[PDB]
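Structure file protein_9.cif (mmCIF, C-alpha atoms; chains and numbers go by the auth columns) is printed below.
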```cif
data_query
#
loop_
_atom_site.group_PDB
_atom_site.id
_atom_site.type_symbol
_atom_site.label_atom_id
_atom_site.label_comp_id
_atom_site.label_asym_id
_atom_site.label_seq_id
_atom_site.Cartn_x
_atom_site.Cartn_y
_atom_site.Cartn_z
_atom_site.B_iso_or_equiv
_atom_site.auth_seq_id
_atom_site.auth_asym_id
ATOM 1 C CA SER A 1 12.029 -14.409 5.781 0.00 5 E
ATOM 2 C CA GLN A 2 8.583 -13.461 4.510 0.00 6 E
ATOM 3 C CA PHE A 3 7.786 -10.580 6.870 0.00 7 E
ATOM 4 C CA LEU A 4 11.064 -8.978 5.801 0.00 8 E
ATOM 5 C CA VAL A 5 10.334 -9.362 2.075 0.00 9 E
ATOM 6 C CA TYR A 6 7.058 -7.510 2.578 0.00 10 E
ATOM 7 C CA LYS A 7 8.754 -4.869 4.733 0.00 11 E
ATOM 8 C CA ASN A 8 11.380 -4.207 2.065 0.00 12 E
ATOM 9 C CA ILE A 9 8.740 -3.949 -0.673 0.00 13 E
ATOM 10 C CA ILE A 10 6.621 -1.406 1.208 0.00 14 E
ATOM 11 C CA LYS A 11 9.725 0.466 2.371 0.00 15 E
ATOM 12 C CA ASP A 12 10.858 0.808 -1.229 0.00 16 E
ATOM 13 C CA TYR A 13 7.381 1.868 -2.370 0.00 17 E
ATOM 14 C CA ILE A 14 7.032 4.538 0.324 0.00 18 E
ATOM 15 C CA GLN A 15 10.594 5.844 0.036 0.00 19 E
ATOM 16 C CA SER A 16 10.069 6.346 -3.696 0.00 20 E
ATOM 17 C CA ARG A 17 6.673 7.988 -3.135 0.00 21 E
ATOM 18 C CA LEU A 18 8.034 10.327 -0.452 0.00 22 E
ATOM 19 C CA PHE A 19 10.974 11.198 -2.707 0.00 23 E
ATOM 20 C CA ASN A 20 8.635 12.165 -5.565 0.00 24 E
ATOM 21 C CA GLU A 21 6.547 14.221 -3.113 0.00 25 E
ATOM 22 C CA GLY A 22 9.523 16.274 -1.935 0.00 26 E
ATOM 23 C CA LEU A 23 9.257 14.753 1.530 0.00 27 E
ATOM 24 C CA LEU A 24 12.113 12.242 1.625 0.00 28 E
ATOM 25 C CA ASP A 25 14.905 13.180 4.036 0.00 29 E
ATOM 26 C CA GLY A 26 17.908 12.338 1.882 0.00 30 E
ATOM 27 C CA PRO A 27 18.241 10.486 -1.406 0.00 31 E
ATOM 28 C CA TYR A 28 16.096 7.699 -2.727 0.00 32 E
ATOM 29 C CA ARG A 29 18.112 4.521 -3.235 0.00 33 E
ATOM 30 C CA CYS A 30 16.782 1.000 -3.686 0.00 34 E
ATOM 31 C CA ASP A 31 18.449 -1.504 -1.355 0.00 35 E
ATOM 32 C CA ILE A 32 16.766 -4.645 -2.740 0.00 36 E
ATOM 33 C CA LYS A 33 19.370 -7.143 -3.948 0.00 37 E
ATOM 34 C CA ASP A 34 17.057 -9.977 -4.971 0.00 38 E
ATOM 35 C CA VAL A 35 16.541 -9.381 -8.688 0.00 39 E
ATOM 36 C CA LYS A 36 13.024 -10.782 -8.527 0.00 40 E
ATOM 37 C CA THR A 37 11.987 -8.727 -5.497 0.00 41 E
ATOM 38 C CA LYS A 38 13.292 -5.628 -7.273 0.00 42 E
ATOM 39 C CA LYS A 39 11.195 -6.439 -10.352 0.00 43 E
ATOM 40 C CA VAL A 40 8.167 -6.908 -8.086 0.00 44 E
ATOM 41 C CA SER A 41 8.834 -3.581 -6.389 0.00 45 E
ATOM 42 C CA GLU A 42 9.302 -1.743 -9.686 0.00 46 E
ATOM 43 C CA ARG A 43 6.018 -3.091 -11.059 0.00 47 E
ATOM 44 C CA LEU A 44 4.197 -2.303 -7.808 0.00 48 E
ATOM 45 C CA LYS A 45 5.431 1.291 -7.964 0.00 49 E
ATOM 46 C CA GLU A 46 4.190 1.512 -11.549 0.00 50 E
ATOM 47 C CA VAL A 47 0.716 0.136 -10.877 0.00 51 E
ATOM 48 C CA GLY A 48 0.379 1.953 -7.555 0.00 52 E
ATOM 49 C CA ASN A 49 1.255 5.246 -9.242 0.00 53 E
ATOM 50 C CA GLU A 50 -1.320 4.490 -11.939 0.00 54 E
ATOM 51 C CA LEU A 51 -4.040 3.628 -9.420 0.00 55 E
ATOM 52 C CA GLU A 52 -3.284 6.706 -7.339 0.00 56 E
ATOM 53 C CA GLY A 53 -3.374 8.954 -10.408 0.00 57 E
ATOM 54 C CA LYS A 54 -6.693 7.511 -11.557 0.00 58 E
ATOM 55 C CA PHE A 55 -8.214 8.386 -8.151 0.00 59 E
ATOM 56 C CA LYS A 56 -5.921 11.242 -7.169 0.00 60 E
ATOM 57 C CA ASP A 57 -8.512 13.361 -5.367 0.00 61 E
ATOM 58 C CA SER A 58 -9.862 10.434 -3.344 0.00 62 E
ATOM 59 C CA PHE A 59 -6.382 9.376 -2.245 0.00 63 E
ATOM 60 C CA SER A 60 -5.275 12.953 -1.540 0.00 64 E
ATOM 61 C CA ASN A 61 -7.927 13.700 1.104 0.00 65 E
ATOM 62 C CA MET A 62 -8.400 10.170 2.468 0.00 66 E
ATOM 63 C CA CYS A 63 -6.257 10.583 5.566 0.00 67 E
ATOM 64 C CA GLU A 64 -7.710 14.008 6.394 0.00 68 E
ATOM 65 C CA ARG A 65 -11.155 12.377 6.544 0.00 69 E
ATOM 66 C CA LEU A 66 -9.867 9.933 9.164 0.00 70 E
ATOM 67 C CA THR A 67 -8.853 12.490 11.823 0.00 71 E
ATOM 68 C CA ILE A 68 -5.592 10.708 12.525 0.00 72 E
ATOM 69 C CA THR A 69 -3.676 11.264 15.752 0.00 73 E
ATOM 70 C CA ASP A 70 -0.786 9.400 17.327 0.00 74 E
ATOM 71 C CA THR A 71 -3.174 7.267 19.379 0.00 75 E
ATOM 72 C CA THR A 72 -5.675 6.445 16.613 0.00 76 E
ATOM 73 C CA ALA A 73 -3.192 5.908 13.765 0.00 77 E
ATOM 74 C CA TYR A 74 -2.689 2.162 14.046 0.00 78 E
ATOM 75 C CA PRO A 75 -6.325 1.346 14.987 0.00 79 E
ATOM 76 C CA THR A 76 -7.453 3.418 11.993 0.00 80 E
ATOM 77 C CA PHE A 77 -5.002 1.605 9.717 0.00 81 E
ATOM 78 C CA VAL A 78 -6.289 -1.792 10.874 0.00 82 E
ATOM 79 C CA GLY A 79 -9.915 -0.678 10.687 0.00 83 E
ATOM 80 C CA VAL A 80 -9.650 0.697 7.154 0.00 84 E
ATOM 81 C CA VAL A 81 -7.651 -2.247 5.843 0.00 85 E
ATOM 82 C CA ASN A 82 -9.829 -4.863 7.533 0.00 86 E
ATOM 83 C CA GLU A 83 -12.870 -3.244 5.904 0.00 87 E
ATOM 84 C CA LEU A 84 -11.140 -3.214 2.509 0.00 88 E
ATOM 85 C CA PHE A 85 -10.459 -6.955 2.543 0.00 89 E
ATOM 86 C CA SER A 86 -13.625 -7.976 4.407 0.00 90 E
ATOM 87 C CA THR A 87 -15.511 -8.474 1.118 0.00 91 E
ATOM 88 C CA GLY A 88 -12.576 -10.131 -0.631 0.00 92 E
ATOM 89 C CA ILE A 89 -8.900 -10.031 -1.509 0.00 93 E
ATOM 90 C CA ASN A 90 -7.588 -9.481 -5.019 0.00 94 E
ATOM 91 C CA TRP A 91 -4.530 -7.851 -6.529 0.00 95 E
ATOM 92 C CA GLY A 92 -6.254 -4.552 -7.294 0.00 96 E
ATOM 93 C CA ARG A 93 -7.312 -4.267 -3.654 0.00 97 E
ATOM 94 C CA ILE A 94 -3.785 -5.133 -2.527 0.00 98 E
ATOM 95 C CA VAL A 95 -2.493 -2.285 -4.668 0.00 99 E
ATOM 96 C CA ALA A 96 -5.117 0.050 -3.193 0.00 100 E
ATOM 97 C CA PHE A 97 -3.966 -1.083 0.271 0.00 101 E
ATOM 98 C CA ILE A 98 -0.368 -0.201 -0.652 0.00 102 E
ATOM 99 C CA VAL A 99 -1.382 3.186 -2.080 0.00 103 E
ATOM 100 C CA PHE A 100 -3.436 3.971 1.037 0.00 104 E
ATOM 101 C CA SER A 101 -0.465 3.019 3.206 0.00 105 E
ATOM 102 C CA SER A 102 1.772 5.370 1.210 0.00 106 E
ATOM 103 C CA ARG A 103 -0.768 8.179 1.636 0.00 107 E
ATOM 104 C CA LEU A 104 -0.695 7.518 5.381 0.00 108 E
ATOM 105 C CA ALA A 105 3.081 7.941 5.304 0.00 109 E
ATOM 106 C CA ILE A 106 2.725 11.191 3.346 0.00 110 E
ATOM 107 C CA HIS A 107 0.150 12.412 5.853 0.00 111 E
ATOM 108 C CA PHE A 108 2.521 11.568 8.700 0.00 112 E
ATOM 109 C CA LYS A 109 5.451 13.423 7.130 0.00 113 E
ATOM 110 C CA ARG A 110 3.358 16.486 6.332 0.00 114 E
ATOM 111 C CA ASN A 111 1.187 16.741 9.457 0.00 115 E
ATOM 112 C CA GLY A 112 3.783 16.462 12.184 0.00 116 E
ATOM 113 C CA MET A 113 3.948 12.698 12.757 0.00 117 E
ATOM 114 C CA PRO A 114 7.111 11.964 10.745 0.00 118 E
ATOM 115 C CA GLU A 115 8.384 9.336 13.185 0.00 119 E
ATOM 116 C CA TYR A 116 5.355 7.189 12.302 0.00 120 E
ATOM 117 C CA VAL A 117 6.531 6.715 8.697 0.00 121 E
ATOM 118 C CA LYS A 118 8.777 3.830 9.763 0.00 122 E
ATOM 119 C CA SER A 119 5.826 2.385 11.674 0.00 123 E
ATOM 120 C CA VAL A 120 3.872 2.090 8.428 0.00 124 E
ATOM 121 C CA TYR A 121 6.487 -0.327 7.097 0.00 125 E
ATOM 122 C CA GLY A 122 5.976 -2.676 10.024 0.00 126 E
ATOM 123 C CA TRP A 123 2.204 -2.297 10.021 0.00 127 E
ATOM 124 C CA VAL A 124 1.982 -3.238 6.355 0.00 128 E
ATOM 125 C CA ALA A 125 4.489 -6.079 6.605 0.00 129 E
ATOM 126 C CA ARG A 126 2.614 -7.512 9.605 0.00 130 E
ATOM 127 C CA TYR A 127 -0.749 -7.164 7.865 0.00 131 E
ATOM 128 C CA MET A 128 0.558 -8.902 4.754 0.00 132 E
ATOM 129 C CA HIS A 129 2.282 -11.597 6.820 0.00 133 E
ATOM 130 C CA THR A 130 -0.707 -12.415 9.019 0.00 134 E
ATOM 131 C CA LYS A 131 -3.817 -11.683 6.958 0.00 135 E
ATOM 132 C CA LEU A 132 -2.786 -11.784 3.281 0.00 136 E
ATOM 133 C CA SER A 133 0.013 -14.377 3.219 0.00 137 E
ATOM 134 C CA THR A 134 -2.263 -17.391 2.740 0.00 138 E
ATOM 135 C CA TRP A 135 -4.136 -15.642 -0.063 0.00 139 E
ATOM 136 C CA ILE A 136 -0.916 -14.429 -1.704 0.00 140 E
ATOM 137 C CA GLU A 137 0.634 -17.897 -1.771 0.00 141 E
ATOM 138 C CA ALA A 138 -2.643 -19.472 -2.901 0.00 142 E
ATOM 139 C CA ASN A 139 -2.611 -17.030 -5.844 0.00 143 E
ATOM 140 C CA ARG A 140 0.929 -17.914 -6.982 0.00 144 E
ATOM 141 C CA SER A 141 2.587 -15.192 -4.915 0.00 145 E
ATOM 142 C CA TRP A 142 4.383 -12.393 -6.782 0.00 146 E
ATOM 143 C CA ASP A 143 4.420 -14.316 -10.060 0.00 147 E
ATOM 144 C CA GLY A 144 0.633 -14.188 -9.892 0.00 148 E
ATOM 145 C CA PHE A 145 0.807 -10.452 -9.170 0.00 149 E
ATOM 146 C CA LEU A 146 3.075 -9.848 -12.168 0.00 150 E
ATOM 147 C CA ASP A 147 0.883 -12.013 -14.404 0.00 151 E
ATOM 148 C CA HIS A 148 -2.227 -10.135 -13.299 0.00 152 E
ATOM 149 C CA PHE A 149 -0.823 -6.755 -14.343 0.00 153 E
ATOM 150 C CA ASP A 150 0.838 -7.881 -17.592 0.00 154 E
ATOM 151 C CA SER B 1 -21.259 4.213 8.404 0.00 2 I
ATOM 152 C CA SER B 2 -17.930 5.063 10.017 0.00 3 I
ATOM 153 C CA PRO B 3 -15.322 7.035 8.049 0.00 4 I
ATOM 154 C CA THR B 4 -13.050 4.019 8.587 0.00 5 I
ATOM 155 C CA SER B 5 -15.613 1.664 7.052 0.00 6 I
ATOM 156 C CA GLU B 6 -16.511 4.241 4.399 0.00 7 I
ATOM 157 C CA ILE B 7 -12.874 4.570 3.304 0.00 8 I
ATOM 158 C CA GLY B 8 -12.199 0.832 3.361 0.00 9 I
ATOM 159 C CA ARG B 9 -15.245 0.144 1.191 0.00 10 I
ATOM 160 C CA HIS B 10 -14.122 2.938 -1.140 0.00 11 I
ATOM 161 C CA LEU B 11 -10.641 1.431 -1.437 0.00 12 I
ATOM 162 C CA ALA B 12 -12.176 -1.950 -2.276 0.00 13 I
ATOM 163 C CA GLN B 13 -14.078 -0.420 -5.186 0.00 14 I
ATOM 164 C CA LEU B 14 -11.000 1.502 -6.337 0.00 15 I
ATOM 165 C CA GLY B 15 -8.990 -1.710 -6.424 0.00 16 I
ATOM 166 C CA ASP B 16 -11.736 -3.663 -8.169 0.00 17 I
ATOM 167 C CA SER B 17 -12.178 -0.894 -10.735 0.00 18 I
ATOM 168 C CA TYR B 18 -8.437 -0.654 -11.348 0.00 19 I
ATOM 169 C CA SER B 19 -8.246 -4.402 -12.032 0.00 20 I
ATOM 170 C CA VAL B 20 -10.687 -4.367 -14.962 0.00 21 I
ATOM 171 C CA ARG B 21 -8.213 -2.940 -17.510 0.00 22 I
ATOM 172 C CA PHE B 22 -5.795 -5.829 -17.035 0.00 23 I
ATOM 173 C CA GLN B 23 -8.299 -8.555 -17.922 0.00 24 I
ATOM 174 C CA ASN B 24 -9.591 -6.484 -20.860 0.00 25 I
#
```
Written form, structure tokens:
Amino acid sequence: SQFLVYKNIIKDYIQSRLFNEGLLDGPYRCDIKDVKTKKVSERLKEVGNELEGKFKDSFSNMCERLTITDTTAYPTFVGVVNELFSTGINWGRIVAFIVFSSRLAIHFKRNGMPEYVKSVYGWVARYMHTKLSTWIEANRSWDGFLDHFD
Amino acid sequence: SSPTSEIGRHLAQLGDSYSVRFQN
């Protein structure tokens, strides 16, 4: 059920971020029943918000620099994220990956690609499931994430 | 040299930089 855990984490992250941005169609509500997954999500929102704020200007204009269209959106996502992890995986980089993905979703909502927001959830879940899963489990999974940011 | 590679490399440094605090 690992792809779905990742999908629910990124969905929660992005829904909360869109809500705060005034872009969420309807109310924010967390649907995560697993107490531990909820704790993971809450911490990820906290550290992602902190990372984004520390580099607000960079994250704000990132998607504009990429000249995103419907046809280049996924290839650009894969290209950016592959480059990010090509010189290593760590938890800070995973957070930056999540923040970038949320900025993509904001870009999509604001620049007339709102239907692609739900695609981000699947893109991130698939990326985590295929390319980061081995690393994540080798680094004690979400307990290692929570330890790292304590 | 691509904007894709430029932005990915940038994100890597942002994540590395962000991590320092938490081992300090």
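Each of E:57, E:96, E:126, E:118 was compared to residue 14 (chain I) using all atoms listed in the file, and E:96 turns out to be the nearest.
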What's around residue 4 (chain I) at 12 Å? Count all atoms listed in the file, leave out sequence neighbours fewer than 2 positions away in its own chain, and write the answer as a CSV table (one decimal) with C-alpha atoms, in the frame of the given file.
```csv
chain,number,residue,atom,x,y,z
E,66,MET,CA,-8.4,10.2,2.5
E,67,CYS,CA,-6.3,10.6,5.6
E,68,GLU,CA,-7.7,14.0,6.4
E,69,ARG,CA,-11.2,12.4,6.5
E,70,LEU,CA,-9.9,9.9,9.2
E,71,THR,CA,-8.9,12.5,11.8
E,72,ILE,CA,-5.6,10.7,12.5
E,80,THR,CA,-7.5,3.4,12.0
E,81,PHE,CA,-5.0,1.6,9.7
E,83,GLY,CA,-9.9,-0.7,10.7
E,84,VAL,CA,-9.6,0.7,7.2
E,87,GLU,CA,-12.9,-3.2,5.9
I,2,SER,CA,-21.3,4.2,8.4
I,6,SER,CA,-15.6,1.7,7.1
I,7,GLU,CA,-16.5,4.2,4.4
I,8,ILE,CA,-12.9,4.6,3.3
I,9,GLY,CA,-12.2,0.8,3.4
I,10,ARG,CA,-15.2,0.1,1.2
I,11,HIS,CA,-14.1,2.9,-1.1
I,12,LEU,CA,-10.6,1.4,-1.4
```
### Task
Let me know the residues the PyMOL selection byres ((chain E and resi 98-100) around 7) catches in the file above, as a VMD selection string.
(chain E and resid 52 94 to 97 101 to 104) or (chain I and resid 12 15 to 16)
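As for CA of residue 40 (chain E) and CA of residue 21 (chain E), they are spaced 20.5 Å apart.
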### Query
Near region 136-146 of chain E, counting only C-alpha atoms, which residues have an atom at most 10 Å away, once you skip same-chain residues fewer than 2 positions from it, shown as a list in words?
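Answer for this query is residues 6, 7, 10, 40, 41, 43, 44, 45, 89, 93, 94, 95, 98, 129, 130, 131, 132, 133, 134, 148, 149, 150, 151 and 152 of chain E.
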### Query
What is the CA of residue 51 (chain E)-CA of residue 23 (chain I) distance in Å, reported with one decimal?
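These two atoms are separated by 10.8 Å.
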### Task
Tell me, in Å to one decimal, how far CA of residue 20 (chain I) is from CA of residue 55 (chain E).
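Distance reported for this atom pair: 9.4 Å.
Distance annotation: of E:121, E:110, E:128, E:88, the residue with the minimal separation from residue 22 (chain E) is E:110; atom set is all atoms listed in the file.
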### Query
Between E:36, E:79, E:85, E:108, which is the closest to residue 8 (chain E) once you count all atoms listed in the file?
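Checking each candidate against residue 8 (chain E), we get E:36 as the closest.
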List the neighbours of residue 25 (chain I) out to 12 Å using all atoms listed in the file; skip same-chain residues closer than 3 positions along the sequence, and give me the result as an mmCIF file with C-alpha atoms, keeping the file's coordinate frame.
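That gives us around-v7.cif:
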```
data_model
loop_
_atom_site.group_PDB
_atom_site.id
_atom_site.type_symbol
_atom_site.label_atom_id
_atom_site.label_comp_id
_atom_site.auth_asym_id
_atom_site.auth_seq_id
_atom_site.Cartn_x
_atom_site.Cartn_y
_atom_site.Cartn_z
ATOM 1 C CA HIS E 152 -2.227 -10.135 -13.299
ATOM 2 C CA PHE E 153 -0.823 -6.755 -14.343
ATOM 3 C CA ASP E 154 0.838 -7.881 -17.592
ATOM 4 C CA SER I 18 -12.178 -0.894 -10.735
ATOM 5 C CA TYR I 19 -8.437 -0.654 -11.348
ATOM 6 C CA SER I 20 -8.246 -4.402 -12.032
ATOM 7 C CA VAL I 21 -10.687 -4.367 -14.962
ATOM 8 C CA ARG I 22 -8.213 -2.940 -17.510
#
```
### Task
Starting from the displayed file, determine the output of the PyMOL selection byres ((chain E and resi 17) around 8) and express the residue list as a VMD selection string.
chain E and resid 13 to 16 18 to 21 45 48 to 49 106
Could chain I be completed with N, CA, C and O atoms and written as a PDB file, keeping the file's coordinate frame, please?
```pdb
ATOM      1  N   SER I   2     -20.858   2.825   8.201  1.00  0.00           N
ATOM      2  CA  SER I   2     -21.259   4.213   8.404  1.00  0.00           C
ATOM      3  C   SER I   2     -20.085   5.049   8.912  1.00  0.00           C
ATOM      4  O   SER I   2     -20.070   6.270   8.760  1.00  0.00           O
ATOM      5  N   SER I   3     -19.107   4.377   9.512  1.00  0.00           N
ATOM      6  CA  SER I   3     -17.930   5.063  10.017  1.00  0.00           C
ATOM      7  C   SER I   3     -17.084   5.584   8.857  1.00  0.00           C
ATOM      8  O   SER I   3     -17.116   5.027   7.758  1.00  0.00           O
ATOM      9  N   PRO I   4     -16.305   6.647   9.077  1.00  0.00           N
ATOM     10  CA  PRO I   4     -15.322   7.035   8.049  1.00  0.00           C
ATOM     11  C   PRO I   4     -14.308   5.935   7.773  1.00  0.00           C
ATOM     12  O   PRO I   4     -13.889   5.762   6.622  1.00  0.00           O
ATOM     13  N   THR I   5     -13.929   5.164   8.796  1.00  0.00           N
ATOM     14  CA  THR I   5     -13.050   4.019   8.587  1.00  0.00           C
ATOM     15  C   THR I   5     -13.686   2.997   7.652  1.00  0.00           C
ATOM     16  O   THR I   5     -13.044   2.508   6.716  1.00  0.00           O
ATOM     17  N   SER I   6     -14.944   2.634   7.912  1.00  0.00           N
ATOM     18  CA  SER I   6     -15.613   1.664   7.052  1.00  0.00           C
ATOM     19  C   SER I   6     -15.938   2.266   5.695  1.00  0.00           C
ATOM     20  O   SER I   6     -15.876   1.564   4.680  1.00  0.00           O
ATOM     21  N   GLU I   7     -16.255   3.561   5.663  1.00  0.00           N
ATOM     22  CA  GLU I   7     -16.511   4.241   4.399  1.00  0.00           C
ATOM     23  C   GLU I   7     -15.277   4.195   3.508  1.00  0.00           C
ATOM     24  O   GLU I   7     -15.366   3.891   2.312  1.00  0.00           O
ATOM     25  N   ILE I   8     -14.105   4.487   4.086  1.00  0.00           N
ATOM     26  CA  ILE I   8     -12.874   4.570   3.304  1.00  0.00           C
ATOM     27  C   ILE I   8     -12.399   3.183   2.886  1.00  0.00           C
ATOM     28  O   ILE I   8     -11.915   2.994   1.762  1.00  0.00           O
ATOM     29  N   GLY I   9     -12.551   2.187   3.757  1.00  0.00           N
ATOM     30  CA  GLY I   9     -12.199   0.832   3.361  1.00  0.00           C
ATOM     31  C   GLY I   9     -13.047   0.316   2.211  1.00  0.00           C
ATOM     32  O   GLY I   9     -12.537  -0.318   1.282  1.00  0.00           O
ATOM     33  N   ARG I  10     -14.359   0.550   2.276  1.00  0.00           N
ATOM     34  CA  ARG I  10     -15.245   0.144   1.191  1.00  0.00           C
ATOM     35  C   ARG I  10     -14.882   0.872  -0.096  1.00  0.00           C
ATOM     36  O   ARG I  10     -14.878   0.277  -1.180  1.00  0.00           O
ATOM     37  N   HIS I  11     -14.555   2.159   0.012  1.00  0.00           N
ATOM     38  CA  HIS I  11     -14.122   2.938  -1.140  1.00  0.00           C
ATOM     39  C   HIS I  11     -12.867   2.343  -1.760  1.00  0.00           C
ATOM     40  O   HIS I  11     -12.791   2.166  -2.980  1.00  0.00           O
ATOM     41  N   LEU I  12     -11.873   2.024  -0.931  1.00  0.00           N
ATOM     42  CA  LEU I  12     -10.641   1.431  -1.437  1.00  0.00           C
ATOM     43  C   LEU I  12     -10.906   0.109  -2.144  1.00  0.00           C
ATOM     44  O   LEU I  12     -10.251  -0.209  -3.144  1.00  0.00           O
ATOM     45  N   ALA I  13     -11.838  -0.691  -1.622  1.00  0.00           N
ATOM     46  CA  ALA I  13     -12.176  -1.950  -2.276  1.00  0.00           C
ATOM     47  C   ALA I  13     -12.691  -1.696  -3.686  1.00  0.00           C
ATOM     48  O   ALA I  13     -12.303  -2.381  -4.636  1.00  0.00           O
ATOM     49  N   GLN I  14     -13.571  -0.703  -3.847  1.00  0.00           N
ATOM     50  CA  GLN I  14     -14.078  -0.420  -5.186  1.00  0.00           C
ATOM     51  C   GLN I  14     -12.979   0.153  -6.073  1.00  0.00           C
ATOM     52  O   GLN I  14     -12.894  -0.187  -7.255  1.00  0.00           O
ATOM     53  N   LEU I  15     -12.103   0.999  -5.522  1.00  0.00           N
ATOM     54  CA  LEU I  15     -11.000   1.502  -6.337  1.00  0.00           C
ATOM     55  C   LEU I  15     -10.135   0.361  -6.855  1.00  0.00           C
ATOM     56  O   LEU I  15      -9.698   0.370  -8.011  1.00  0.00           O
ATOM     57  N   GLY I  16      -9.844  -0.618  -5.999  1.00  0.00           N
ATOM     58  CA  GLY I  16      -8.990  -1.710  -6.424  1.00  0.00           C
ATOM     59  C   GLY I  16      -9.673  -2.608  -7.433  1.00  0.00           C
ATOM     60  O   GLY I  16      -9.055  -3.040  -8.413  1.00  0.00           O
ATOM     61  N   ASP I  17     -10.954  -2.907  -7.199  1.00  0.00           N
ATOM     62  CA  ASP I  17     -11.736  -3.663  -8.169  1.00  0.00           C
ATOM     63  C   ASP I  17     -11.751  -2.947  -9.512  1.00  0.00           C
ATOM     64  O   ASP I  17     -11.455  -3.542 -10.554  1.00  0.00           O
ATOM     65  N   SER I  18     -12.100  -1.659  -9.498  1.00  0.00           N
ATOM     66  CA  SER I  18     -12.178  -0.894 -10.735  1.00  0.00           C
ATOM     67  C   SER I  18     -10.847  -0.916 -11.467  1.00  0.00           C
ATOM     68  O   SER I  18     -10.790  -1.158 -12.679  1.00  0.00           O
ATOM     69  N   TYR I  19      -9.758  -0.675 -10.735  1.00  0.00           N
ATOM     70  CA  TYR I  19      -8.437  -0.654 -11.348  1.00  0.00           C
ATOM     71  C   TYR I  19      -8.113  -1.977 -12.037  1.00  0.00           C
ATOM     72  O   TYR I  19      -7.427  -1.988 -13.066  1.00  0.00           O
ATOM     73  N   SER I  20      -8.621  -3.094 -11.508  1.00  0.00           N
ATOM     74  CA  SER I  20      -8.246  -4.402 -12.032  1.00  0.00           C
ATOM     75  C   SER I  20      -8.861  -4.690 -13.395  1.00  0.00           C
ATOM     76  O   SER I  20      -8.330  -5.524 -14.136  1.00  0.00           O
ATOM     77  N   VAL I  21      -9.943  -4.003 -13.758  1.00  0.00           N
ATOM     78  CA  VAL I  21     -10.687  -4.367 -14.962  1.00  0.00           C
ATOM     79  C   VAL I  21      -9.803  -4.273 -16.204  1.00  0.00           C
ATOM     80  O   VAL I  21      -9.765  -5.198 -17.023  1.00  0.00           O
ATOM     81  N   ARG I  22      -9.075  -3.166 -16.358  1.00  0.00           N
ATOM     82  CA  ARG I  22      -8.213  -2.940 -17.510  1.00  0.00           C
ATOM     83  C   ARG I  22      -7.374  -4.163 -17.878  1.00  0.00           C
ATOM     84  O   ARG I  22      -7.207  -4.490 -19.061  1.00  0.00           O
ATOM     85  N   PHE I  23      -6.832  -4.821 -16.856  1.00  0.00           N
ATOM     86  CA  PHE I  23      -5.795  -5.829 -17.035  1.00  0.00           C
ATOM     87  C   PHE I  23      -6.339  -7.197 -17.401  1.00  0.00           C
ATOM     88  O   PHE I  23      -5.551  -8.080 -17.749  1.00  0.00           O
ATOM     89  N   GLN I  24      -7.649  -7.393 -17.337  1.00  0.00           N
ATOM     90  CA  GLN I  24      -8.299  -8.555 -17.922  1.00  0.00           C
ATOM     91  C   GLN I  24      -9.027  -8.200 -19.209  1.00  0.00           C
ATOM     92  O   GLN I  24      -9.614  -9.081 -19.843  1.00  0.00           O
ATOM     93  N   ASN I  25      -8.994  -6.932 -19.609  1.00  0.00           N
ATOM     94  CA  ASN I  25      -9.591  -6.484 -20.860  1.00  0.00           C
ATOM     95  C   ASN I  25      -8.598  -6.673 -22.004  1.00  0.00           C
ATOM     96  O   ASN I  25      -8.792  -6.149 -23.099  1.00  0.00           O
TER      97      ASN I  25
END
```
